[PDB]
Every structure is written in structure tokens, then in C-alpha cells.
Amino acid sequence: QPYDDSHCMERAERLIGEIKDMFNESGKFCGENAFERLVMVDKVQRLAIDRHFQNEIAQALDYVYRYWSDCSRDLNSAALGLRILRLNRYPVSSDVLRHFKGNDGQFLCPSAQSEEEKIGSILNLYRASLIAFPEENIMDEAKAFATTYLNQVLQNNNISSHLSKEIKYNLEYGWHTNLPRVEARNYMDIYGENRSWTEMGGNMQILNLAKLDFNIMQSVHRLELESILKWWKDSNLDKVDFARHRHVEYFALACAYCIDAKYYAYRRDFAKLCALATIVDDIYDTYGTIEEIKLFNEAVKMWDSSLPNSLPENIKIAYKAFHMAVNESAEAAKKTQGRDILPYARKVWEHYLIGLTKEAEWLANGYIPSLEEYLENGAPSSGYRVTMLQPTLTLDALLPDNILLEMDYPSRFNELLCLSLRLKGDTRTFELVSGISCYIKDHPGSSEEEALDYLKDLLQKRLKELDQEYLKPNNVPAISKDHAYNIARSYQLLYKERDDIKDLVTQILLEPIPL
């Protein structure tokens, strides 16, 4: 073969084999060991090496679910199993947390736990409470108790460096403003700095596999980044001026959950269509005559390869790049989807421009819509769906039109995905038509603060609906739904970072982890 496996790859493939053996061993164990298998799933999942053990994890969680009433004997294991089983789409209930709920909103650890073990139990409680479904008030109580408790722990020191780091990480990132490889990069340090953890069982093999896989795949992604930089140069977007160097940030976001080398079309197309979507938004919003907006819309509806050779050079090159990127992505998607998807794809972009055009009309006409009208048009206009559909269609999971209507527009999943992006953006303390203003118009005399609180709360509620819908089973390939969901998470994380994203680019793309 022209290219050999690198020595890191060989070491990783050997470690994968040994860890599969550990998974099969605990399965052969004559006896109930649901927690032990749960704890092993936990480690390889937090370290985001779980894609190498899909059969071994499925067998372990099937066994954990079967023995679930056995496994959930204390606060720690109930909270851990609740989060992991739920995130993997088993029908488990937050009621399991009631067995440990006492008075004054306090939750109960076994009394023989060391202080460090108590903190570990509460962290798993905190981590579980973040995956809340609508009407699970036990989750809000769990989150509130664990927050107050974990903050008190930090106030007093008395705790080790690695455990202290674990609290701060978990409190700062939560679940929604977070991504798998972000968590994995943090747990390489949280586990690796824990002497007792590294000394136990096969933990060191698991950690080294995670470091190896991180460094291996980062170098694949750093290679792919080159091709993206060439596209920026070739397309002349480097001269757009009104453009912004953010195609690298978007690429890194995608890398922090779409990992495998075969999914380079997904990674590439998310970074391009998302940077394009940002460019097109700045055109329709800030720079460009209503004439030119109309010509753009006409060009898109006709799918012209080019705009009138009279329009400003900026709008001219942005259109060409747009038309080309979309075409390439659809050709990529024809390979996996085994069908033409350019027609479908074009309708998606049309719906996006229709949405951005309406906001242009409104600002031009002094029209302040009602909040409900704003949010409904805000779904296609946020740009979520045009950064999501085409890249997802290039994955190796067929989304037949029948099933697309369950992930794409007009599905409830897609609608909750868009509202998360829209509501998060419209709640940033970083405009005549906004979430704030439309609300004020809907509620005369409302304070600007009074509007912020209502949209912040509504986002909390929509996120819970989103999660319930995300984890509800259907005939839709999970990997497709996971990518769509992780896009929305990447955007939540992006807004957290903007309000550093550069550190996130460095960790994901540029700097390897010392072994």
C-alpha cells in the first residue's frame, strides 16, 4: 500500500482491541455488575473515543437497562445511569432521582462516602439534571441543589487540583454550550492528573487511547483545514472585505463532534455553507441595495451561475462562491444519498432568503412584527437549516424524503433546533426588529429587562423540548440527528465563547495533547 499506518495508529488499534477485551470480560463475569460496565462506558464516552466501541457499549447499556433497578442503588449511580441511558435513547425516567431526595431540597449520598466521593456523586447529579425534559421538576431541583453544593465546595479549598478542575469545567460548560471533543480534551487532564485514577485497572490504556485518537484525528483535521484555506483564497472571498475570517472557527466546531476521516465532506461543507450563510446574511442585512437583494433572489430562484456583471464586486464574488459551494455539496450528497438532492437543497436556500428578505422588508418599512411572527420567520431566517441540511446529507446515512420531513423542515426537531439558535442569539448582552423589541411591541410598557427575562426563560423551555424531541425514537438515523443536534450545540458554545473562540480552535485543531 502507498501509505502505511503510523505508529500512533498501530498503538491506538492495539489499545482498542484490549479495551474491547475488557468490555467482553465484564460481560462474561458471572454476576450482577451493571455499575462496573456503566463506569467503563462512562470513561470512553467522556473521552469521546466511544465511536470505536459501539457494539460493546450497546451490550453494556442493554445490560445496565435490564438491571436498572439494581444499578441505581445510590445517588451517584442513579444520576450516572440516568444521564447515559437517556443520552443513548433508553426510556428511563427522572423519577429515579426521587429515591434520594430528602427535605429542604437536599439530595442524599451514602453516609460512608469520603468527601471526595460525595462531590463525585453530586457532579454526576449535576450532570444528569442538565438533560431535562419538560415537566421534570425533580431535574430543576437536582440542578439547583448541586449548583449550590458544588459552589460551596470551591469556596472552601480542601480539595485536590484535579477534582477542583472537574467542578469548574462541569459548572462552566454544562451540556448545551458544549461538544464531545471539548469534554474529551478536558477529561484527558481531569483523569490524567488523578494518580489513583491512572493507577487503577485499564484506566491508563483508556486514557492513552483517548490521547492517541485525539492527536491522530486532529492531524487529519489539520490536513483538511488546508483545503478549506485554499477555497477561501481561490474563491476570492479573502477580498470580500465585508467578509470575516470565521471559516476556521466553524471548521473547528464541526471537528469537535464529526470525527471520522470518511466524513470530510460534512466537515468541509459545514464550514463553507456556514461562512457563506454568514456572508449572505451580512449582504441582506447591511451592505446591498434592495435592487441587489432582488437580483440575488432572482439568481437563486433561477440558479444562475453568476450575478449581473454590473453588481458591486463584493456581492458578485459572494454569489459565485455561494453557487459553487452549494453545487459541490449536493454532488457530495448524491454519492451517499443515491439521488439528486440539488433540487431539495435549492428549496432550502430559497426558504432562507425568503426569510432574510422579509426581515429586510420590515426594517425598510418601519414594520415591527409581533413576537410570534418574528420567531416563526426567525426559524428559516436564523440560518440554522441551511448550515445543517446539506452537510448532514453527505453523511453515510440515507435520509429518504419521507424521513427527512422528520428531521428537516417542517419537523418539530428542526423547529426546536432553529428556535435554540434564534433565542440564544436574541439573548446576548454583546436593531428595530429583534426578540426584545417585538416583545416590547407585543407588551406595551414592558421594560427592556422584562423582555430579556422572558426570552431567556423561553429558551430554557425550548431547550428542554428540544432535548425530549432529540432523544425521542423515530425511523431517523441517529447519526444524522446527532450532527444536527451538535450543530445547535456548537452555536450555543460559539455564543458563550464570543461573550475565547481562539482557544477552542487551538485545542481542537492546532495543539496536540502530550502523552
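From 1 onward, residues are counted along the sequence shown.
The modelled chain breaks after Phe430 and resumes at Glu431, leaving 4 to 9 residues of the deposited sequence without coordinates. The modelled chain is continuous from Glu25 to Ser26, with every intervening residue of the deposited sequence accounted for. The PDB entry reports B-factors from which the mean C-alpha value can be compared for 339 to 347 and 196 to 204; the larger average falls on 339 to 347. For the pair 374 to 382 and 301 to 309, the mean Cα B-factor is higher in 301 to 309. The maximum CA B-factor among the listed residues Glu224, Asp285, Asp189, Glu183, taken from the PDB record, is found at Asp285. By the numbers in the PDB entry, the CA B factor is greatest at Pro410 among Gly120, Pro391, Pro410, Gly174. For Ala146, the recorded CA B-factor ranks within the middle third of the chain. Only modelled residues enter the ranking. Per the PDB record, residue ranking by Cα B-factor puts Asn124 in the lowest third of the chain. Per-chain ranking of the deposited C-alpha B factor places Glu136 in the middle third. Per the deposited record, the Cα B-factor of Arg11 falls in the lowest third when ranked against the other modelled residues of its chain.
In the PDB entry, a CA B factor belonging to the highest third of its chain's modelled residues is recorded for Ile501.
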